[PDB]
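Take a look at the structure set out below.
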Amino acid sequence: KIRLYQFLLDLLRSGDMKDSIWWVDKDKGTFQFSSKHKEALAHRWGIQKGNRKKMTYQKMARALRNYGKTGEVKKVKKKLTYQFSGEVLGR
DNA sequence: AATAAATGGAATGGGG
DNA sequence: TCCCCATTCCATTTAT
């Protein structure tokens with residue numbers, strides 16, 4: 001099964017949900033979600049995973065928070081903005 | 001207040 | 001057994 005950070009990186013690479021997520025500074029790996037259109041992206045994550053309940057942005061962001069310590073994704077001090085690690089970006 | 005976002009502990013569920 | 005990689009639930013705090 002695909003990991004959440006890889007799902008998000010793949011979306012950014014494909015441009016399939018450009019109104020829900022975008023690079024802010026792609027060289028640094030910073031990206032941001034749409035305030036108004038993030039829920040459609042969260043729904044897609046839950047469906048891809050086959051989860052029991054409907055996925056929400058809040059639950060997706062709760063999973064993103066768990067990457068902070070291991071480092072794959074960190075929260076940036078702007079709203080709805082995160083940053084991939086260099087290791088994630090290279091792979 | 002209404003609306004949104006953030007913080008994050010804890011219980012529960014996946015697939016080895 | 002017990003870690004992986006989340007998902008789900010819930011209470012609380014901050015937004016300037």
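Atoms considered below: every heavy atom in the structure, side chains included; atoms not considered: hydrogens, waters and symmetry mates. Every chain is numbered from 1, with letters handed out A, B, ... down the list of sequences.
- Side-chain atoms of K53(A) lie closest to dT8(C) of the nucleotides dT7(C), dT8(C), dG8(B).
- Residue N66(A) places no side-chain N or O under 4.0 Å from the OP1 or OP2 atom of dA6(C).
- One finds no salt bridge joining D19(A) and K38(A) here, because no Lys/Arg side-chain nitrogen approaches an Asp/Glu carboxylate oxygen to under 4.0 Å.
- Rounded to whole Å, the distance from CG on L80(A) to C1' on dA5(B) is 7 Å.
- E39(A) has its CD atom 9 Å from the P atom of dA5(B), to the nearest Å.
- Rounded to whole Å, the separation between the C1' atoms of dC2(C) and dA6(C) comes to 16 Å.
- Atoms NZ (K75(A)) and P (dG8(B)) sit 13 Å apart, rounded to a whole Å.
- In this structure, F33(A) atom CZ and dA5(B) atom P are separated by 12 Å, rounded to whole Å.
- Atom CZ of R65(A) is separated from atom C1' of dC5(C) by 17 Å (rounded to the nearest Å).
- In secondary-structure terms, DNA chain C builds stems of at least 3 consecutive Watson-Crick or G-U pairs, each pair having both distances under 3.5 Å, at B:3-13 with C:5-15.
- Between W45(A) and the phosphate of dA6(C), there is no side-chain N or O to OP1/OP2 separation shorter than 4.0 Å.
- Between the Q32(A) side chain and the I21(A) main chain, no donor and acceptor come within less than 3.5 Å of each other.
- Regarding contacts with the backbone of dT7(C), every side-chain N or O of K59(A) stays at 4.0 angstrom or more from both OP1 and OP2.
- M55(A) comes within 4.0 angstrom of sugar-phosphate atoms only, judged by non-hydrogen atoms across all strands, and of no base.
- The residue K38(A) sits close only to the backbone: its heavy atoms come under 4.0 Å of sugar-phosphate atoms, none of a base.
- Atom NZ of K78(A) and atom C1' of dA6(B) are 16 Å apart (whole Å).
- The minimum heavy-atom distance between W45(A) and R3(A), with the atom names listed, is CH2-C, 3.9 Å.
- Judged by distance alone, the side chain of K75(A) and the main-chain N or O of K78(A) form a donor-acceptor pair under 3.5 Å.
- Residue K36(A) places no side-chain N or O under 4.0 Å from the OP1 or OP2 atom of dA4(B).
- In summary, the aromatic rings of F84(A) and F31(A) are positioned with their centroids under 6.0 Å apart.
- For the pair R52(A) and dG13(B), the criterion of a side-chain N or O lying under 4.0 Å from OP1 or OP2 is not met.
- Using a 4.0 Å heavy-atom criterion, one finds that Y67(A) contacts the sugar-phosphate atoms exclusively.
- Rounded to whole Å, atom P of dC4(C) lies 12 Å from atom CD of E72(A).
- The line from CG of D16(A) to CG of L11(A) is 6.5 Å long, rounded to the nearest 0.5 Å.
- Rounded to the nearest 0.5 Å, atoms CZ (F33(A)) and CE (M17(A)) are 10.5 Å apart.
- Between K79(A) and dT16(C) there is a side-chain polar atom (N or O) within less than 4.0 angstrom of OP1 or OP2.
- Interatomic distance, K59(A) NZ to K54(A) NZ, rounded to the nearest 0.5 Å: 10.0 Å.
- A donor-acceptor contact under 3.5 Å is formed by the side chain of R62(A) with the base of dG9(B).
- The phosphate of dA5(B) has OP1 or OP2 within less than 4.0 Å of a side-chain N or O from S35(A).
- Rounding to whole angstrom units, CG of residue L64(A) and P of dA6(C) are separated by 9 Å.
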